[PDB]
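> Sequence first, structure after; it's an experimental one.
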Amino acid sequence: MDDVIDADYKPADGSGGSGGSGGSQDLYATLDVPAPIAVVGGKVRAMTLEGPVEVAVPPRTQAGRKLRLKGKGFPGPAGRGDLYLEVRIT
């Protein structure tokens, strides 16, 4: 089932590594996405423990949406965790 709509990002000068050490594979964070960038579906820079990252916003996004960046959370050698972003239209 499509719970969260499928989302992705890229580390904008962010610094990962071969993790899998645990800590918190998943991270919970809140996303400032401007109203024009929500409707068109562009990218917005989210703050994480790894640093600044540019997250692909889906075309025609509403406030109160939820994103789960699967295999894109905390570092891991065979696969990464998830990054759960709560969409807020700015």
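Structure's in. What do you need? Numbering: from 1, shown residues only.
> what are the ranges of the strands in the chain?
8-11, 27-33, 43-48, 51-56, 66-70, 82-89 (DSSP state E).
> Is it possible to get CSV of those strands that adds mean neighbour count?
From N, CA and C alone the C-beta is placed, and that goes for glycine too. Shown next, in CSV, are these (neighbours: other Cβ atoms under 10 Å):
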stretch, mean neighbour count
strand 8-11, 15
strand 27-33, 17
strand 43-48, 16
strand 51-56, 17
strand 66-70, 19
strand 82-89, 20
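> just so I know, which of those lies nearest residue 76?
Across these, residue 76 has its closest neighbour in strand 82-89 (10.7 Å, Cβ to Cβ).
> If I take that closest one and strand 27-33, what angle do their directions form?
Put simply, strand 82-89 runs at 30 degrees to strand 27-33, going by axes from the mean of the first three to the mean of the last three Cα atoms, to 10 degrees.
> List of residues touching strand 82-89?
Identification of contacts with strand 82-89 by Cβ atoms under 8 Å, 6 or more residues apart in numbering yields 4, 7, 9, 25-35, 38, 46, 48, 55, 61-73.
> Repeat that for stretch 24-44.
9, 46-49, 54-63, 67, 73-74, 76, 80-90.
> Any idea how many residues pack against residue 90?
Counted with other Cβ atoms under 10 Å, residues neighbouring residue 90 total 12.
> same check, this time on residue 24
With other Cβ under 10 Å as criterion, residue 24 counts 10.
> From residue 85, how far off is it?
Applying Cβ to Cβ, to the nearest Å, the value for residue 24 to residue 85 is 15 Å.
> cool, residue 2 as well?
16 Å.
> measure the residue of the chain most remote from its centre to residue 51 for me?
Relative to the mean C-alpha coordinate of the chain, counting by Cα atoms, centre = their mean, the farthest residue is residue 21 (20.5 Å). Distance, residue 21 to residue 51, using Cβ to Cβ: 18 Å.
> Save the strands of the chain as TSV, and put in distance to residue 17 too.
Below are the strands of the chain laid out as TSV (distance: least, Cβ to Cβ, whole Å):
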stretch	distance to residue 17
strand 8-11	11
strand 27-33	15
strand 43-48	14
strand 51-56	12
strand 66-70	18
strand 82-89	16
